[PDB]
C-alpha cells in the first residue's frame, strides 16, 4: 500500500489502536485509513477523528463510542466482524477472523486499516447469495451497532454514596459469618478458598461429599451441594450466607463505584455484538446484564441504578418470550392456545411448586418457577429436577413427562430440528441466523447429547434475541425524537431513561414498538414499569 497524506477519501476503512480495550476509558494511540490501494496515517489521532464521516471497519463501534465520548457524531458503518459473525458465530475475535479470512491482527493502525479493507472484500464475497444473512446484516446488525454505540457512550447513573455506605454494613455482617464459621470449624482458614473449605468440610468435620468438580475431580462445595447438606451441620448454613454476601460485595458493591467515568459521571458498559453462539448480545467491563435482583441484598444493589434528576427509568420486559417463540416455531396448538388465552405458565408452575393459589404466587416464587420451566424444556434430568424441587425422583419424572405431553408438537419440533442439523451441519433461527453444531454426530453419547441440547436451544434463544435486536433498531429513532434515551439491554428487557413529563408517553410507545416488532402465531406481550430506580421500574 502506497503512503498518502491524511485525510483519506470518503468511504475509506479505518484502523485504530487503543491504549486499552474499553472505548470509554481508552487513549487513542493511532488512527489510519485505507482506500484504493492507499494508506493514510493521521499525524495526530484525536484531531484526525474530526475528518471522518463514518467509522468503517473492524471494531467500528468501539471507535464510534470513543468519538461520541469526545463530542463527535461519528456513526459506525460496515464492520467485517459482523459479516464473519453472521457466517459463523464462533467468529468472535478479530485475531481469529483475520487468520481465517486473509490477514493478521497486528497492533499498528495502518496495517489494521488495510486488513479491514481486505477482510471486508473477502467476507462480502462469502455472503453473496446468502440473502437471509444479508437481510440480517443490513436490517439488524449494522444499524444495531449504531444504537449500541450510543447506549455505551450514554451510560447509566449510579448512587455511589449509597453503595459506599452499603459496603461498610455488609463488611460487618461478613465478619459475623466468618467468625461463626471458624468457631464451628475450631480454627481459622481462608473461607474464600474452596480447597481449604473442602478439607474442613469433608476431612475434618467428616461430612458426606455429594459431588465432584468437572476438571480436577475434587469434592464440590457448590451451593447445590451445601444445600443438600443444610441439615447435616450448623456450619453449612453460615457458609451459604457467607457466599451470598461476599459474592455481592466483591462483584458489585465494591467495584462498581470506582468505575464512574470522570467526564460523564456515569457508569459505562460495553455491549458485545459478536460474542455469543446464539445471537444474543453480551455485556462486559462491567457486565450490567447480571446485576443482582433475586435476594434482599441483591435488590438493595439494584436500587443503586437510578435516573438522572428530573428523569425516570422505564423498564420493558418481554413476557415469557422464549416460550412464545417456541409456540411459533413448533406450531403446537395447546401452547399457542395458552398464549391466546393470556395464561401464564411461569405462574402456573409456581402455584404447583409452592402449593399455593395463582393469586398467592409472589415474584420470588415465579422466578423460581422460571428456572424450572426453561430448565426442563432444554433437557434437565429427573434427578436434578427432583433435587431442586426437593421431591421424590419419581415425581420429578412425572412432572417432566406431563410437561411435554401437554405440548405434543414441542418434542416433534426438537427432533425435526436435530435431524436437519445433522444433515446440514447447522441449525438456525426464524430469520436464518446460523450456529454450526458438528458434534451432532459425535460417537460418544454424552458429547453428542450435549450438542443436541445446544442445537435445539439455539433457534429458540436466538429468535428471541433477533426480535429484541430488531425492536431496538425500530425503537431507537422514535426515542431520539421524544428526547428519551436507551440505556441498557438485558436480553429480553430494555431500560430507558425519559424526562419525567414524557416517561408515561415513552413507556406506552416503547411497549407497542416491542410488541409489534414482528407478529407471530402468538401475541408478544411486554410488561412495562416506570420508576426512579431500576428496582422500582420493574415493579
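For the two forms, the rigid core is made up of the largest set of C-alpha atoms that agree within 1.5 Å on superposition. Numbering follows the first chain given and starts at 1.
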property: Farther-lying stretch by C-alpha RMS in 8 other deposited structures of this protein, rigid core as reference, of 117-125 and 393-401; result: 393-401
property: Farther-lying stretch by C-alpha RMS in 8 other deposited structures of this protein, rigid core as reference, of 137-145 and 200-208; result: 200-208
property: Stretch with the higher entry mean CA B-factor, where the candidates are 49-57 and 488-496; result: 49-57
property: 37-45 versus 22-30 - which carries the larger mean C-alpha B factor in the record; result: 37-45
property: Options 163, 82, 335, 458 - largest CA temperature factor per the record; result: 335
property: Per the PDB entry, maximal CA B factor within 419, 254, 78, 466; result: 419
property: Residue 349 - which third its CA temperature factor falls in, relative to the rest of the chain; result: highest
property: B-factor third for the C-alpha atom of residue 277 within its chain; result: lowest
property: Residue 157, C-alpha B-factor rank within chain (lowest, middle or highest third); result: lowest
property: Record-listed C-alpha B factor of residue 370: chain third; result: highest
property: Residue 120, C-alpha B-factor rank within chain (lowest, middle or highest third); result: lowest
